[PDB]
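For reference, the structure discussed in these notes is given below.
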Amino acid sequence: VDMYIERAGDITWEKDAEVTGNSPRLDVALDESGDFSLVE
Amino acid sequence: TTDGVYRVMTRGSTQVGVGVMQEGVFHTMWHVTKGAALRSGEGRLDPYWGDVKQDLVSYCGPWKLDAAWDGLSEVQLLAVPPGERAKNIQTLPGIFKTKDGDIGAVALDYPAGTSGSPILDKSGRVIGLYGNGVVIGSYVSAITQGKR
Ligand SMILES: Oc1nc2ccccc2cc1CNC[C@H](O)c1ccc(F)cc1F
């Protein structure tokens with residue numbers, strides 16, 4: 001399986017970017033396999 | 001080797017992820033490559049450091065990205081969607097509260113092939129990578145940053 005990379009752009013902030021998404025506060029746990037899960 | 005954001009492809013071709021080239025080191029999420037060597041033109045990038053729990057991997061050298069979310073300001077996801085040009089999405093992160101401290105998190109739900117896309121602060125520094133998270137139907141991604 002040929003896995004390869006291609007450049008897609010500069011690392012830059014864009015002034016006129018679309019803005020969206022909320023800002024949830026969540027209690028989570030991180031297990032040994034790197035999986036996050038919700039905690040109550 | 002040029003600094004920038006890159007697609008991670010496999011072979012028809014499919015985009016499995018995204019990564020960041022900085023200071024000669026390629027940075028992506030472990031689950032994107034599972035540590036496999038990467039082709040870059042005629043050259044080969046070999047894995048250098050990786051950690052399944054952090055879900056991170058670096059190629060050609062140690063992890064170089066060390067900026068962190070300031071906990072107050074909006075950030076930008078520099079997404080590279082499969083089949084589309086790189087584009088920026090601005091958002092205010094939420095928070096993952098863990099027993100080991102808080103982690104910034106972005107409530108943005110984009111195609112799996114965007115995993116590894118960088119999240120930036122206002123100065124253009126990479127504060128982490130997108131694509132390891134939880135579901136609350138909506139996906140929320142940790143802002144995953146390594147250690148330099
Ligand atoms: O608006 C649309 N319009 C559509 C119209 C027809 C069919 C499909 C359609 C999908 C969309 C949504 N496209 C999102 C974009 O691909 C993207 C932008 C930022 C990012 F971070 C990651 C992304 F994948």
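Ordering of the structure tokens sets the chain letters (A, B, ...), residue numbers begin anew at 1 in every chain, and ligands are numbered from 1 in the order given.
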Note to self: Residues of chain B were defined as contacting chain A if any atom lay at most 7 Å from it, counting only C-alpha atoms; please report them as a PyMOL selection string.
What the structure shows: chain B and resi 4-11+38-40+52-55+76+86+88-98+106-108+122+124+133-134
Since we have the selection now, will you write its residues out, keeping N, CA, C and O atoms, as a short mmCIF file (atom, residue, chain, number, x, y, z; two decimals), in the first residue's frame?
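Contents of the output file selection36.cif:
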```cif
data_model
loop_
_atom_site.label_atom_id
_atom_site.label_comp_id
_atom_site.auth_asym_id
_atom_site.auth_seq_id
_atom_site.Cartn_x
_atom_site.Cartn_y
_atom_site.Cartn_z
N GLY B 4 4.43 23.36 5.55
CA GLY B 4 3.08 23.50 5.08
C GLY B 4 2.20 22.37 5.56
O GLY B 4 2.60 21.53 6.36
N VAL B 5 0.96 22.38 5.07
CA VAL B 5 0.00 21.33 5.36
C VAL B 5 -0.10 20.42 4.14
O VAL B 5 -0.09 20.89 3.00
N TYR B 6 -0.17 19.12 4.39
CA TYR B 6 -0.09 18.10 3.34
C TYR B 6 -1.25 17.12 3.46
O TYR B 6 -1.67 16.78 4.57
N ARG B 7 -1.74 16.65 2.31
CA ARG B 7 -2.62 15.49 2.29
C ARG B 7 -1.82 14.21 2.48
O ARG B 7 -0.70 14.08 1.98
N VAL B 8 -2.42 13.25 3.18
CA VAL B 8 -1.90 11.89 3.31
C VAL B 8 -2.78 10.99 2.46
O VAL B 8 -3.99 10.86 2.72
N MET B 9 -2.19 10.36 1.45
CA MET B 9 -2.91 9.61 0.43
C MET B 9 -2.50 8.14 0.48
O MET B 9 -1.43 7.80 0.97
N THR B 10 -3.38 7.28 -0.04
CA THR B 10 -3.07 5.87 -0.22
C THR B 10 -3.56 5.40 -1.58
O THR B 10 -4.52 5.94 -2.13
N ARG B 11 -2.90 4.36 -2.09
CA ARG B 11 -3.31 3.71 -3.33
C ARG B 11 -3.33 2.20 -3.11
O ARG B 11 -4.20 1.49 -3.62
N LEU B 38 6.18 6.88 4.65
CA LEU B 38 5.47 7.75 3.72
C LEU B 38 6.38 8.11 2.55
O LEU B 38 7.56 8.39 2.73
N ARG B 39 5.80 8.10 1.35
CA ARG B 39 6.49 8.58 0.16
C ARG B 39 6.23 10.07 -0.01
O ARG B 39 5.11 10.55 0.20
N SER B 40 7.28 10.81 -0.37
CA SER B 40 7.17 12.23 -0.70
C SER B 40 7.94 12.43 -2.01
O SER B 40 9.15 12.62 -2.00
N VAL B 52 0.50 5.82 20.72
CA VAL B 52 -0.89 5.49 20.45
C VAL B 52 -1.82 6.25 21.39
O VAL B 52 -2.91 6.67 20.98
N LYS B 53 -1.44 6.42 22.66
CA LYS B 53 -2.35 7.09 23.58
C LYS B 53 -2.54 8.55 23.20
O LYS B 53 -3.65 9.08 23.24
N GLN B 54 -1.46 9.24 22.82
CA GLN B 54 -1.58 10.60 22.32
C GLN B 54 -2.14 10.64 20.91
O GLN B 54 -2.60 11.70 20.47
N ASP B 55 -2.13 9.51 20.21
CA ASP B 55 -2.55 9.40 18.81
C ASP B 55 -1.75 10.34 17.91
O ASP B 55 -2.30 11.00 17.03
N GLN B 76 -8.40 28.60 14.50
CA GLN B 76 -8.81 28.21 13.16
C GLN B 76 -8.38 26.78 12.88
O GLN B 76 -7.21 26.42 13.09
N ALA B 86 -7.41 23.51 0.57
CA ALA B 86 -7.29 23.84 1.98
C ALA B 86 -8.14 25.06 2.30
O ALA B 86 -8.20 26.03 1.53
N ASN B 88 -9.96 27.46 5.83
CA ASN B 88 -9.91 27.79 7.25
C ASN B 88 -11.31 27.90 7.82
O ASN B 88 -12.21 28.46 7.18
N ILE B 89 -11.49 27.36 9.02
CA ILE B 89 -12.73 27.44 9.77
C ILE B 89 -12.39 27.96 11.16
O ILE B 89 -11.64 27.32 11.90
N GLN B 90 -12.96 29.10 11.52
CA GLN B 90 -12.71 29.72 12.82
C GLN B 90 -13.77 29.29 13.82
O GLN B 90 -14.95 29.11 13.47
N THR B 91 -13.35 29.11 15.07
CA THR B 91 -14.26 28.64 16.12
C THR B 91 -13.67 28.98 17.48
O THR B 91 -12.47 29.19 17.63
N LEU B 92 -14.55 29.05 18.49
CA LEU B 92 -14.11 29.11 19.87
C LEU B 92 -14.10 27.70 20.45
O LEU B 92 -15.16 27.07 20.52
N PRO B 93 -12.95 27.17 20.88
CA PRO B 93 -12.94 25.82 21.44
C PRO B 93 -13.76 25.71 22.71
O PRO B 93 -13.88 26.66 23.49
N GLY B 94 -14.35 24.54 22.90
CA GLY B 94 -14.79 24.09 24.20
C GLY B 94 -13.63 23.43 24.93
O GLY B 94 -12.46 23.63 24.60
N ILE B 95 -13.97 22.62 25.93
CA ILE B 95 -12.97 22.04 26.82
C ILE B 95 -13.30 20.58 27.07
O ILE B 95 -14.45 20.24 27.38
N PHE B 96 -12.30 19.71 26.95
CA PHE B 96 -12.32 18.39 27.57
C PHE B 96 -11.74 18.52 28.97
O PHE B 96 -10.56 18.85 29.13
N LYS B 97 -12.55 18.25 29.99
CA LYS B 97 -12.07 18.20 31.37
C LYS B 97 -11.68 16.76 31.69
O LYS B 97 -12.52 15.86 31.64
N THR B 98 -10.40 16.55 32.02
CA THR B 98 -9.91 15.22 32.36
C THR B 98 -9.28 15.24 33.74
O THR B 98 -9.02 16.30 34.32
N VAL B 106 -12.67 21.24 19.72
CA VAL B 106 -13.42 21.96 18.70
C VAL B 106 -14.60 21.11 18.25
O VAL B 106 -14.42 19.93 17.90
N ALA B 107 -15.79 21.71 18.24
CA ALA B 107 -17.03 21.01 17.92
C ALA B 107 -17.32 21.18 16.43
O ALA B 107 -18.28 21.81 15.99
N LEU B 108 -16.43 20.59 15.64
CA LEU B 108 -16.47 20.63 14.19
C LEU B 108 -16.40 19.19 13.70
O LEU B 108 -15.58 18.41 14.19
N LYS B 122 -3.98 32.69 16.63
CA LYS B 122 -4.03 33.90 15.82
C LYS B 122 -2.68 34.26 15.21
O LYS B 122 -2.64 34.98 14.20
N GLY B 124 -0.72 32.10 13.85
CA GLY B 124 -0.41 31.10 12.84
C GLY B 124 0.36 29.90 13.34
O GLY B 124 0.80 29.08 12.52
N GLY B 133 -11.37 12.36 19.14
CA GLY B 133 -12.40 13.01 19.92
C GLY B 133 -13.46 12.08 20.46
O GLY B 133 -13.23 10.88 20.67
N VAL B 134 -14.64 12.66 20.72
CA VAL B 134 -15.78 11.95 21.29
C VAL B 134 -17.05 12.42 20.59
O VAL B 134 -17.07 13.47 19.94
#
```
Next item on the list: Mind listing the strand (DSSP E) residues of range 33-147 of chain B, per DSSP on the backbone, as a PyMOL selection string?
Entry: chain B and resi 38-40+43-45+47-51+56-59+75-79+87-91+94-98+101-106+118-120+126-129+133-135+139-142
Store the residues of this selection in a file with N, CA and C atoms, as a compact mmCIF listing (two decimals), in the first residue's frame.
```
# COMPACT_ATOMS: atom_id res chain seq x y z
N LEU B 38 6.18 6.88 4.65
CA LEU B 38 5.47 7.75 3.72
C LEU B 38 6.38 8.11 2.55
N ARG B 39 5.80 8.10 1.35
CA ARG B 39 6.49 8.58 0.16
C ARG B 39 6.23 10.07 -0.01
N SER B 40 7.28 10.81 -0.37
CA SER B 40 7.17 12.23 -0.70
C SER B 40 7.94 12.43 -2.01
N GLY B 43 11.22 10.55 -2.54
CA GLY B 43 11.82 10.29 -1.25
C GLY B 43 10.90 9.50 -0.32
N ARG B 44 11.49 9.03 0.78
CA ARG B 44 10.79 8.23 1.77
C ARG B 44 10.95 8.87 3.14
N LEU B 45 9.83 9.02 3.85
CA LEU B 45 9.83 9.52 5.22
C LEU B 45 9.60 8.35 6.17
N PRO B 47 9.13 6.77 10.10
CA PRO B 47 8.66 7.22 11.41
C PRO B 47 9.83 7.37 12.38
N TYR B 48 9.70 8.36 13.25
CA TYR B 48 10.74 8.71 14.22
C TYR B 48 10.26 8.60 15.66
N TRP B 49 9.06 9.06 15.93
CA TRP B 49 8.45 8.97 17.25
C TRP B 49 6.95 8.76 17.07
N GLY B 50 6.36 7.94 17.94
CA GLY B 50 4.93 7.74 17.90
C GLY B 50 4.40 7.30 19.24
N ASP B 51 3.11 7.58 19.46
CA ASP B 51 2.46 7.25 20.73
C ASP B 51 0.98 7.05 20.48
N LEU B 56 -0.43 10.35 18.11
CA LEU B 56 0.46 11.21 17.34
C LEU B 56 1.65 10.43 16.81
N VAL B 57 2.24 10.96 15.74
CA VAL B 57 3.44 10.37 15.14
C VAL B 57 4.20 11.47 14.42
N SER B 58 5.53 11.42 14.48
CA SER B 58 6.39 12.31 13.73
C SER B 58 7.33 11.50 12.84
N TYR B 59 7.69 12.09 11.71
CA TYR B 59 8.58 11.50 10.73
C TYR B 59 9.79 12.39 10.53
N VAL B 75 -9.79 30.05 17.50
CA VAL B 75 -8.74 29.36 16.77
C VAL B 75 -9.28 29.10 15.37
N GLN B 76 -8.40 28.60 14.50
CA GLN B 76 -8.81 28.21 13.16
C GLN B 76 -8.38 26.78 12.88
N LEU B 77 -9.32 25.97 12.43
CA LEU B 77 -9.00 24.68 11.83
C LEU B 77 -8.60 24.94 10.38
N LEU B 78 -7.37 24.57 10.03
CA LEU B 78 -6.92 24.62 8.64
C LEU B 78 -7.20 23.25 8.04
N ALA B 79 -8.43 23.08 7.55
CA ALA B 79 -8.87 21.79 7.05
C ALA B 79 -8.40 21.57 5.62
N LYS B 87 -8.81 25.02 3.45
CA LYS B 87 -9.69 26.11 3.85
C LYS B 87 -9.69 26.24 5.36
N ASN B 88 -9.96 27.46 5.83
CA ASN B 88 -9.91 27.79 7.25
C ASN B 88 -11.31 27.90 7.82
N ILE B 89 -11.49 27.36 9.02
CA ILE B 89 -12.73 27.44 9.77
C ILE B 89 -12.39 27.96 11.16
N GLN B 90 -12.96 29.10 11.52
CA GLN B 90 -12.71 29.72 12.82
C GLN B 90 -13.77 29.29 13.82
N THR B 91 -13.35 29.11 15.07
CA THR B 91 -14.26 28.64 16.12
C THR B 91 -13.67 28.98 17.48
N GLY B 94 -14.35 24.54 22.90
CA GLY B 94 -14.79 24.09 24.20
C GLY B 94 -13.63 23.43 24.93
N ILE B 95 -13.97 22.62 25.93
CA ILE B 95 -12.97 22.04 26.82
C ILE B 95 -13.30 20.58 27.07
N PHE B 96 -12.30 19.71 26.95
CA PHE B 96 -12.32 18.39 27.57
C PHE B 96 -11.74 18.52 28.97
N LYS B 97 -12.55 18.25 29.99
CA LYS B 97 -12.07 18.20 31.37
C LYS B 97 -11.68 16.76 31.69
N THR B 98 -10.40 16.55 32.02
CA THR B 98 -9.91 15.22 32.36
C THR B 98 -9.28 15.24 33.74
N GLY B 101 -6.08 17.33 33.67
CA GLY B 101 -6.15 18.71 33.22
C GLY B 101 -7.06 18.87 32.01
N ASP B 102 -7.22 20.12 31.61
CA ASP B 102 -8.11 20.48 30.52
C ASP B 102 -7.39 20.40 29.18
N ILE B 103 -8.15 20.04 28.15
CA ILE B 103 -7.69 20.01 26.77
C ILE B 103 -8.69 20.82 25.95
N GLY B 104 -8.18 21.71 25.10
CA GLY B 104 -9.06 22.39 24.17
C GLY B 104 -9.74 21.41 23.24
N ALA B 105 -10.94 21.76 22.79
CA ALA B 105 -11.72 20.88 21.92
C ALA B 105 -12.55 21.71 20.96
N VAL B 106 -12.67 21.24 19.72
CA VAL B 106 -13.42 21.96 18.70
C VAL B 106 -14.60 21.11 18.25
N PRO B 118 -4.22 20.77 10.92
CA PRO B 118 -3.77 21.59 12.04
C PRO B 118 -4.82 22.58 12.51
N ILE B 119 -4.78 22.84 13.82
CA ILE B 119 -5.54 23.91 14.45
C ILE B 119 -4.54 25.00 14.84
N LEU B 120 -4.87 26.25 14.50
CA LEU B 120 -3.94 27.37 14.60
C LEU B 120 -4.42 28.41 15.60
N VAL B 126 0.78 26.24 15.15
CA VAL B 126 -0.05 25.05 15.26
C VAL B 126 -0.17 24.67 16.73
N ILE B 127 -1.39 24.73 17.27
CA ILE B 127 -1.64 24.39 18.66
C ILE B 127 -2.13 22.96 18.83
N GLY B 128 -2.31 22.23 17.75
CA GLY B 128 -2.66 20.83 17.83
C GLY B 128 -3.23 20.35 16.52
N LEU B 129 -3.57 19.06 16.50
CA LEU B 129 -4.13 18.42 15.31
C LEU B 129 -5.55 17.94 15.57
N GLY B 133 -11.37 12.36 19.14
CA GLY B 133 -12.40 13.01 19.92
C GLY B 133 -13.46 12.08 20.46
N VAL B 134 -14.64 12.66 20.72
CA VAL B 134 -15.78 11.95 21.29
C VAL B 134 -17.05 12.42 20.59
N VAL B 135 -18.11 11.66 20.79
CA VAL B 135 -19.45 12.00 20.31
C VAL B 135 -20.32 12.36 21.50
N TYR B 139 -19.80 15.14 16.68
CA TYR B 139 -18.41 14.88 17.01
C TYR B 139 -17.76 16.13 17.58
N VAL B 140 -16.90 15.93 18.58
CA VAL B 140 -16.07 16.99 19.14
C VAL B 140 -14.64 16.47 19.18
N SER B 141 -13.72 17.21 18.57
CA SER B 141 -12.32 16.82 18.48
C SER B 141 -11.51 17.48 19.58
N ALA B 142 -10.66 16.70 20.25
CA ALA B 142 -9.63 17.32 21.07
C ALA B 142 -8.71 18.13 20.17
```
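When only C-alpha atoms and all ligand atoms are used to measure the gap to ligand 1, the shortest distance among B:113, B:41, B:137, B:17 belongs to B:113.
Taking the backbone of this structure through DSSP, the residues of chain B that come out as alpha helix (DSSP H) are residues 30, 31, 32 and 33 of chain B.
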